[PDB]
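What follows is a single chain, given as structure tokens, in the form solved without ligand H4B.
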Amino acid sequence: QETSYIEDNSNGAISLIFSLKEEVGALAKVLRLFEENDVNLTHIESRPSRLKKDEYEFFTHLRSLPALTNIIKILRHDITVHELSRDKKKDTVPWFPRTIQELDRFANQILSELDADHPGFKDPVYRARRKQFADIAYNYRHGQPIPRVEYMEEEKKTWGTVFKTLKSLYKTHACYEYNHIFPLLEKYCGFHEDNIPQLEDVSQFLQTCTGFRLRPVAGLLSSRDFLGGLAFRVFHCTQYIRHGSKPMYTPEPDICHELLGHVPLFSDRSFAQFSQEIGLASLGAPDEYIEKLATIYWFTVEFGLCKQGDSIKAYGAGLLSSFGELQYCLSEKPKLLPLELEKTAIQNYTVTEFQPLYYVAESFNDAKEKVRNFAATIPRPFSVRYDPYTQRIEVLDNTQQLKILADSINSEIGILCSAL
């Protein structure tokens, strides 16, 4: 079977989320509870609430269980609290990153290079060169510029072989959005047959296009971690390349799969929103619905097809980076079905051979709304929204007050921008 769902592995991170009113002396009453239980002001933030203006929002990221199981009791009865845990005990919500900076916590929790069947296994250089890229990811923290790497001549050859063979297929097999950005990457990035572009230059390009940014990663994270990073429009990226012995095969993601399959789509604004809704749906979702999201991600982002007029084309990264399947998925051999998440979430699939079937999406805006509807069925005691101004996640139990405030803004832009 070998599905793409990777369970999350874990001192388990324990974080709290709660807001309180300023009617009685609230800041003093809460801060003293933390100082008395050996908690400095560095593991607690107090920010104003946007939904009432007379409330404070509190964030705690705590290693110290006996000093933590006592605050929850005194805090809940004497006055709403959401407990986030990485080990996901009962009566708790699965932990998720509240700010882009918190992505640094579990960015190095990949599994296991060390696979005997890997193409480049009987190679001391390649096996060692992989450790170099892994160290870049393990030591990278948010905000930092992605360290640049000088690719060897033997490695640019592999890139060239994959680049030239796929560039000939994009004009006819890739969706319009792909061919819309690709010329830009050829001019403003090092997207050339005889050059490998640096992830830093690409990240800076995405940031100026849709706000998406890249993050080095050593290997494969848990599905929870990966999708969680999409809520912040952060895409964990590998910096290594396949072994030059078989440029047309890879059991794992490499810079080729992600630069030629993933990056161009994240440059489109409509697609950035769609993929973001998938990540947003994973924040605090149980493991049962994470696998469902991983399956949707598989049949939409990696191996998804889209309707373009009277014809169909491909937009999945797994398809746009594979020379053989990109032609097989567009033929009349595979089975095509309309995109319906209730069926895709449970559909079984394989990772070794080509996909027997493909799901066709009407559009990205159409697929986006399907994710929102599916996000509602996911049992969560709150709603989530991303704030690009502060780059934090907003926990929303009365989420309805914020969506309306966004409409009142968008509507005043249609009557003001009235040229004629």
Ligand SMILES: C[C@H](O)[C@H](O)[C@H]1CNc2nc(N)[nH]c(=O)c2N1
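We number the residues from 1 along the sequence you see.
When you step from residue 68 to residue 69 in this entry, do you jump over none, 1 to 3, 4 to 9, or 10 or more residues of the deposited sequence that have no coordinates? Unmodelled stretch: none, continuous chain.
According to the entry, are there none, 1 to 3, 4 to 9, or 10 or more residues of the deposited sequence without coordinates between residue 10 and residue 11? In the record, 1 to 3 residues between residue 10 and residue 11 lack coordinates.
On average, are the C-alpha B-factors higher in 202 to 210 or in 160 to 168? The deposited B-factors put 160 to 168 ahead on the C-alpha mean.
For the stretches 36 to 44 and 375 to 383, which has the higher mean C-alpha B-factor as given in the deposited record? On average, C-alpha B-factors are higher across 36 to 44.
Highest recorded C-alpha temperature factor, please, choosing from 303, 96, 240, 274. The C-alpha B-factor peaks, among 303, 96, 240, 274, at 303.
Between 215, 257, 343, 187, which one tops the list for Cα B-factor in this entry? Result of the comparison over 215, 257, 343, 187: 343.
Hey, what third does residue 151 fall into on Cα B-factor, ranked over its chain? For residue 151, whose C-alpha B-factor we compare with every modelled residue in the chain, the answer is the lowest third.
Lowest, middle or highest third: where is residue 367 by C-alpha B factor in its chain? Ranked within chain, residue 367 CA B lands in the middle tercile.
Where does the C-alpha B-factor of residue 75 rank in its chain, lowest, middle or highest third? For residue 75, whose C-alpha B-factor we compare with every modelled residue in the chain, the answer is the highest third.
Where does residue 311 sit by CA temperature factor within its chain: lowest, middle or highest third? Middle third.
Taking the chain's C-alpha temperature factors as the reference, tell me which third residue 28 falls into: lowest, middle or highest. For residue 28, the deposited C-alpha B-factor lands in the highest third.
Another form exists, deposited with ligand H4B bound; not displayed. Remarks below refer to it.
Would you mind picking the one in 297, 163, 106, 205 that has a heavy atom within 4.5 Å of ligand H4B in the bound PDB entry? Only one option qualifies, and that one is 297.
Of the options 284, 247, 253, 229, which one has a non-hydrogen atom that comes within 4.5 Å of ligand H4B in the bound PDB entry? It is 253.
Just checking whether residue 345 would be counted as a contact of ligand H4B in the bound PDB entry - the rule being heavy atoms within 4.5 angstroms. No, residue 345 is distant from the partner.
Does at least one non-hydrogen atom of residue 259 fall within 4.5 angstroms of ligand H4B in the bound PDB entry? No, no contact at 4.5 Å.
Interface membership of residue 189, ligand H4B in the bound PDB entry, 4.5 Å heavy atom rule: Contact check for residue 189: no, nothing within 4.5 Å of ligand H4B in the bound PDB entry.
Would residue 312 show up as a contact with ligand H4B in the bound PDB entry if we use heavy atoms at 4.5 Å? Taking the distances in the bound PDB entry, the answer for residue 312 is no, it never comes within 4.5 Å of ligand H4B.
Want to guess which of 191 to 199, 289 to 297, 167 to 175, 327 to 335 is within 4.5 Å of ligand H4B in the bound PDB entry, heavy atoms only? The contacting stretch here is 289 to 297.
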